[PDB]
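Q: PDB entry and its sequence, pasted below:
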Protein chains: 2
Amino acid sequence: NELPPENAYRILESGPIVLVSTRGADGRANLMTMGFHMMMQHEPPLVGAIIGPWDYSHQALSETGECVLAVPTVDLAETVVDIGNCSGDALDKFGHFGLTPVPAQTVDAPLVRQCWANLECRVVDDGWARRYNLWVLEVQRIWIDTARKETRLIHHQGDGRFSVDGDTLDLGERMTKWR
Amino acid sequence: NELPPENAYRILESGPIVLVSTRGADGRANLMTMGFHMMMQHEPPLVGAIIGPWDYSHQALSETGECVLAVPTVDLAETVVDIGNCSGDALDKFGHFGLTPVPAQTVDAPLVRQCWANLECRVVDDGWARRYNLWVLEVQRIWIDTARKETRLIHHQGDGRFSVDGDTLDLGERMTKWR
Ligand SMILES: Cc1cc2nc3c(=O)[nH]c(=O)nc-3n(C[C@H](O)[C@H](O)[C@H](O)COP(=O)(O)O)c2cc1C
Ligand SMILES: Cc1cc2nc3c(=O)[nH]c(=O)nc-3n(C[C@H](O)[C@H](O)[C@H](O)COP(=O)(O)O)c2cc1C
Ligand code: NA
Ligand code: NA
């Protein structure tokens, strides 16, 4: 199922841990794990992402200007941590971790089938990439696995500790300024 | 209880909704609600924050270069939403909502007694404030209410819907790259 990209805040504002899927100029796919990210703007949908030169993935991001933010659920927690503790420079992470790359619509980086949400992104502003390792991304497309049985997101609290989403609390009726 | 400011990630990486406390040049305290933020750097501890001109609080941020990020818990959810739907141009929100200002150590913006964590911040880089309403903050001090019984954080999913923290996973043993 597809969501309009303006819906990005509804997926990312809450600060889930995410995977960043890339594909190098060489055609090889990779994954890394990212907890330093923000929504920047609702419409157009802009995301701020920290991806530094300590990541092999930084090369593909730099060179190609594309990625997919693949949003995992609680059942993938060990895979997500492990992805964040090894490098794709010499390991096939999709293969190793039993994840399935799926073609994206607007980018050459793959979607991750096992992730509940996949947000196709382009690098729109690299102005602060050198300064802060900050990349401004615009969400192009959003794909949701609406059939998925487990849908709880997890959030990194540092040091490999994660909160698992529990109760949902809907205070929409109080959002009088934001209709 | 005080934490070294380098600990900021352990508070903010998970993407809790936060209150932004300011004090204007005229001496009036205020609060606003913010969901568009991220950690940018562990050490020195840098935070990226979206605070736009639609917020009265933008004036104090510009004019004083100081704030406190006050991190609420689930028991404050309605108040957090309400704070985000009115303006301090014409209201004393601390008084109106029954929150208590406490003097900070390094800034003139107050801490919020009822919030679990309070991170004193200075604006270090306003280079992208006009561009994106983005402010780079450096955490100066961290205070934690270590006695508080309710400590579950809430995460905004947009439109006044929040996830409430559930269980914590501790996968620290797997953080082999990040000791
Ligand atoms: C939970 C967690 C969060 C992470 N957050 C970030 C991040 O925000 N930015 C970043 O550049 N690296 C982050 N990392 C580190 C990268 O995921 C890690 O360096 C990874 O091994 C890079 O893979 P690569 O070399 O294949 O690109 C994180 C790791 C973990 C486990
Ligand atoms: C849950 C929620 C999240 C919000 N996130 C942001 C944000 O990230 N940045 C922002 O500038 N305003 C945000 N707002 C809007 C401000 O909180 C709102 O405009 C507030 O009335 C400003 O108060 P002030 O005029 O006293 O500064 C948010 C509001 C709510 C309720
Ligand atoms: Na292409
Ligand atoms: Na965030």
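A: That came in fine, so what should we check first? Numbers count the residues shown, from 1 in each chain, chains lettered A, B, ... in the order given. Ligands and ions are numbered 1, 2, ... in the order given.
Q: can we go C-alpha only for contacts and neighbour counts from here?
A: Noted.
Q: By proximity to ligand 2, which residue of chain A wins?
A: Nearest residue of chain A to ligand 2: residue A:175, at 6.5 Å (C-alpha to the nearest ligand atom).
Q: show me where chain A has strands.
A: Using DSSP state E, the strands of chain A run over A:2-3, A:18-23, A:29-34, A:37-41, A:46-50, A:66-71, A:101-102, A:111-112, A:117-125, A:134-144, A:154-158, A:161-170.
Q: Tell me which of these sits nearest to residue B:139.
A: strand A:154-158 (16.4 Å; C-alpha to C-alpha).
Q: For the closest one, what is the distance to the chain centroid?
A: 14 Å (C-alpha atoms, centre = their mean, to the nearest Å).
Q: List of residues touching it?
A: Residues outside strand A:154-158 that contact it (C-alpha atoms under 8 Å, 6 or more residues apart in numbering or on different chains) are A:15-17, A:35, A:72-74, A:77, A:162-165, B:9-15.
Q: Just the ones in helices from these, please.
A: Per DSSP state H, helices hold the following members of the contacts of strand A:154-158: A:77, B:9, B:10, B:11, B:12.
Q: which residues touch residue A:124?
A: Contact partners of residue A:124, counting by C-alpha under 8 Å, 6+ apart, are A:65, A:135, A:136, A:137, A:138.
Q: how does it look with 7 Å?
A: Shown in contact with residue A:124 (C-alpha atoms under 7 Å, 6 or more residues apart in numbering or on different chains): A:136, A:137, A:138.
Q: again, but for residue A:18
A: Residue A:18 neighbours (C-alpha under 7 Å, 6+ apart): A:33, A:34, A:35, A:69, A:70, A:71, A:72.
Q: Is the spatially most central residue of chain A bridged to anything, and to what?
A: The centroid of chain A falls nearest to residue A:69 when counting by C-alpha atoms, centre = their mean (2.3 Å). The partner list for residue A:69 in beta bridges (DSSP bridges) reads residue A:20, residue A:119.
Q: which residues touch it?
A: Neighbours of residue A:69 in contact, by C-alpha under 7 Å, 6+ apart: A:18, A:19, A:20, A:21, A:118, A:119, A:120.
Q: between these, which is nearest residue B:107?
A: Residue B:107 has its nearest neighbour among the contacts of residue A:69 in residue A:18, at 33.9 Å by C-alpha to C-alpha.
Q: Quick one: neighbours of the closest residue to that closest one other than its chain neighbours, just the number.
A: Setting aside the residues directly before and after it, residue A:18 is nearest to residue A:71 in space (C-alpha to C-alpha, 6 or more residues apart in numbering or on different chains), at 4.8 Å. Neighbour count of residue A:71, defined by other C-alpha atoms under 10 Å in any protein chain shown: 24.
Q: Distance of residue A:71 relative to ligand 1?
A: 13 Å (C-alpha to the nearest ligand atom, to the nearest Å).
Q: How about residue A:15?
A: Taken as C-alpha to the nearest ligand atom, the span from residue A:15 to ligand 1 is 11 Å.
Q: Residue A:13 now?
A: The span separating residue A:13 from ligand 1 equals 15 Å under the rule C-alpha to the nearest ligand atom.
Q: is it true that that residue touches residue B:38?
A: No - shown here, residue A:13 and residue B:38 do not form a contact pair, counting by C-alpha atoms under 7 Å, at 9.8 Å.
Q: if I look at these two, which residues touch both of them?
A: Shared contacts of residue A:13 and residue B:38, defined by C-alpha under 7 Å, 6+ apart, comprise residue A:38.
Q: who has more neighbours, the two?
A: residue B:38 (29 against 25).
Q: That one and residue A:38 touch, don't they?
A: Yes - judged on C-alpha under 7 Å, residue B:38 makes contact with residue A:38 at a distance of 5.1 Å.
Q: near ligand 1, which residues of chain A show up?
A: Counting by C-alpha under 6 Å from any ligand atom, the residues of chain A close to ligand 1 are A:31-36, A:50-52, A:54-57, A:81, A:84-88, A:156, A:160.
Q: The same query, at a cut-off of 8 Å, please.
A: Contacts of chain A with ligand 1, taken as C-alpha under 8 Å from any ligand atom, map to A:17, A:19, A:30-37, A:49-58, A:80-89, A:91, A:93, A:133, A:156, A:158-160.
Q: So among those residues, which ones count as buried?
A: Neighbour counting by 16 or more other C-alpha atoms under 10 Å in any protein chain shown classes A:17, A:19, A:30-37, A:49-52, A:55-58, A:80-84, A:86-88, A:93, A:133, A:156, A:158-160 among the residues of chain A next to ligand 1 as buried.
Q: Please name the residues that touch the residue lying closest to residue A:89 once chain neighbours are set aside.
A: Leaving aside its chain neighbours, residue A:89 sits nearest to residue A:56 (5.8 Å; criterion: C-alpha to C-alpha, 6+ apart). By C-alpha under 7 Å, 6+ apart, the contact list for residue A:56 reads A:87, A:88, A:89.
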